[PDB]
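Just the one chain here, the form deposited in one PDB entry, laid out as structure tokens.
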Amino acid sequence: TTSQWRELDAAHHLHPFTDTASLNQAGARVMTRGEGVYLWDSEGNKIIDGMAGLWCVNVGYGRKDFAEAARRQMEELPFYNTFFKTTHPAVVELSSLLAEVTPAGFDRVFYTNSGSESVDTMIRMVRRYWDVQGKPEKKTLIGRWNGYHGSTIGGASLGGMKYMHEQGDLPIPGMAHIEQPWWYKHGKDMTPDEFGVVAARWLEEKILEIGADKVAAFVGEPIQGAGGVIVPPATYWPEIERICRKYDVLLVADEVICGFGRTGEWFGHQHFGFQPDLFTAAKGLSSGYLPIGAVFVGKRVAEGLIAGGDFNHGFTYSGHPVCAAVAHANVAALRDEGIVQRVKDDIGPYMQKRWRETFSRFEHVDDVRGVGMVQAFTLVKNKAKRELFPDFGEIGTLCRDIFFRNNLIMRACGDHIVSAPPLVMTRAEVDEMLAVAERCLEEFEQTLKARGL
């Protein structure tokens, strides 16, 4: 029963990013089944999954073909390691397919179990690369305040969430942070395009404050996900790239979210028009059907790692055959069923138009934004004056609770509301989701006013 599952969960399970005592007193929501864009819970609610699991179930729920690929691989060879001068066909075939869907010059992939492990891999690869170049001082990686790069000690350090830094005595050494390109807060009297150049040049100013000979890499999500779908101006990434090339700093895209079609390009960096030296992946790589991540290593960094002999790094389940077989089915479906192309040409433009049509009218909604199948808005105290609520996050929590009670999953990141539904969502699904979201915002506005805004 719901009761028994909640009691066992409270007794035995510690959840990610959770206040355990609060969750155990409230009761966990038990999700039992998924099909297309929908979920069911243990109380029989049918739920619109406007978050695709956690930005990751890109082909939607219910792929029986993926379950068959897993079953077949698991019966033949459930596991073999890639440590003993050994490989297996599933990881070879996935590596070959991944070279076809990635840009030219990304031939070589290193596998992990998660986006967090891909980020730690990338940190060790970047530092190893500069050692092989004979630059042992070039070790600092620069991230952003409100960037998210996972939950390993490495990834939490590179990320810019102070609430994670405060648990574990982070960041570790050789990590620095610049402000995020959040125009609504930091744009002063500028247009987004003017601001994009200013926000990019924060990187150059930080490189010069530290010393360029000490800086290994700049790492960024093309769009900041957990930070609230912070979509940088069009001028931002070309300027970041120019600054990285000027100082001989590696450029790293964290594609764990934007990867595998979320923007309508295969990768977020293709949408924003920059060319990273390496990029990190997970999530959409297998649509979340099994845990797998990757680091895609460009030609320059690959040659440096190869010139360095032993790379003393990796995970038991790196290249796991069952995970590789499911990822292969998933990437083959994204390409061969035209799912990525449909985001670029059809459902992305429709979602973006309908999202702006739906939210733009609300008194306490501003900065309506998105690309492809990631979109967001911010809850604001005064739209005219672009004033935010104090205690950023309290009002976002009120709004997300209304969504959840109405069987719609959209997440609050502070007072940002975000959505990243399965890429296969139909136009009709998009309209159904926006109709429920619109009713939830009307209730939100009524509640604000009733309670004294």
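Only residues modelled in both forms are compared. If you superpose the two forms and keep the largest set of C-alpha atoms that fall within 1.5 Å, you have the rigid core. A residue's number is simply how far along the shown sequence it sits, counting from 1.
- In at least one third of the other compared structures of this protein with flanking residues present, residue 14 is left unmodelled.
- In the comparison with other entries of the same protein, residue 166 is left without coordinates in at least one third of those covering both sides of it.
- The mean C-alpha temperature factor is higher for 165 to 173 when 249 to 257 and 165 to 173 are set side by side.
- The deposited model assigns a higher average Cα B-factor to 308 to 316 than to the other stretch when 119 to 127 and 308 to 316 are compared.
- Ranking 417, 56, 388, 37 by the C-alpha B-factor listed in the PDB entry places 388 at the top.
- Compared with the other modelled residues of the chain, the Cα B-factor recorded for residue 104 ranks in the highest third.
- Ranked by C-alpha B-factor against the other modelled residues of its chain, residue 133 falls in the highest third.
- For residue 71, the recorded CA temperature factor ranks within the highest third of the chain's modelled residues.
- For residue 77, the recorded CA temperature factor ranks within the highest third of the chain's modelled residues.
- Residue 189 sits in the highest third of its chain by CA B factor, as recorded in the PDB entry.
We do not show the form deposited in another entry, though everything after this point is about it.
- Rigid core superposed between this form and the one not shown, residues 35, 43, 387, 68 considered: the one with a C-alpha shift of 2 Å or more is 43.
- With the core held fixed between this form and the one not shown, residue 308 has its Cα displaced by under 2 Å.
- Core-superposed comparison between this form and the one not shown: the CA of residue 346 stays below a 2 Å shift.
- Relative to the superposed core, residue 116 undergoes a Cα shift smaller than 2 Å between this form and the one not shown.
- In summary, the C-alpha positions of residue 317 and residue 307 converge in the other form, ending up at least 3 angstroms nearer each other than in this conformation.
- Compared with the form shown, the residue 82-residue 325 C-alpha separation increases in the other form, the change being 3 Å or greater.
- Where the rigid core is used as the reference frame, consecutive stretches of 3+ residues with C-alpha displacements of 2 Å or more between this form and the one not shown occur at 28 to 32, 41 to 45, 78 to 87, 166 to 168, 310 to 318.
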